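Laboratory data are not the source of any read-out in this text; all were calculated from the coordinates shown. FYI the Cβ positions are ideal-geometry reconstructions off the backbone, even for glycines, and counts take in every protein chain you see.
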């Protein structure tokens, strides 16, 4: 009930990791 | 709060898709670019 | 108690808006 | 959960500072770049 807030939280974390992979690709296309 | 927490969770998710999609566009622009 | 989870949530939203301003600057430096 | 929710909130924040800082570095690289 709460348990559901946590689920949301997990889901959030997961988009942030996907954002990190995007930036890893962008960084290389530039030349970091 | 609660009705409230899940209103903020949605704005957050919704913001997160907007960010992923701006990043996807930039990545595709380089490529090239 | 919960009330504190909301506070966190607000804080999260706020970094996402700051990320959006960063990307607005990056987009212009490129030429979107 | 709770002990738990605020463990996930922290990882999330911590991830969010990492993202802001990668973006800041990219922005500074262009500039230029």
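Enter the per residue convex hull volume of the protein assembly as shown, computed from alpha-carbon coordinates, in Å³ rounded to the nearest integer. Present the calculation step by step, with values, prior to reporting the outcome.
Working: hull volume 11.7 nm³, N = 130.
Dividing the Cα hull volume of the protein assembly as shown by its residues yields 90 Å³.
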> Using alpha-carbon positions, what is the distance between the centroids of the range D:1-28 and chain C, in Å?
Replying inline: 11 Å
> Using 0.36 nm per residue, how much length does the chain from residue A:1 to residue A:24 gain when fully extended, once their Cα-Cα distance is taken away?
Replying inline: 4.7 nm
> So if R0 is 22 Å, what FRET efficiency would residue B:11 and residue C:32 give, r being the distance between their Cβ atoms, rounded to the nearest 0.05?
Replying inline: 0.40
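Per-residue Cβ counts within 10 Å, from other chains only, averaged over A:20-32: what number is that? If you can, show how the numbers build up before the last one.
Numbers: counts 4, 2, 9, 9, 1, 6, 10, 4, 2, 7, 6, 2, 4.
Per residue, the number of nearby Cβ atoms from other chains is 5 on average.
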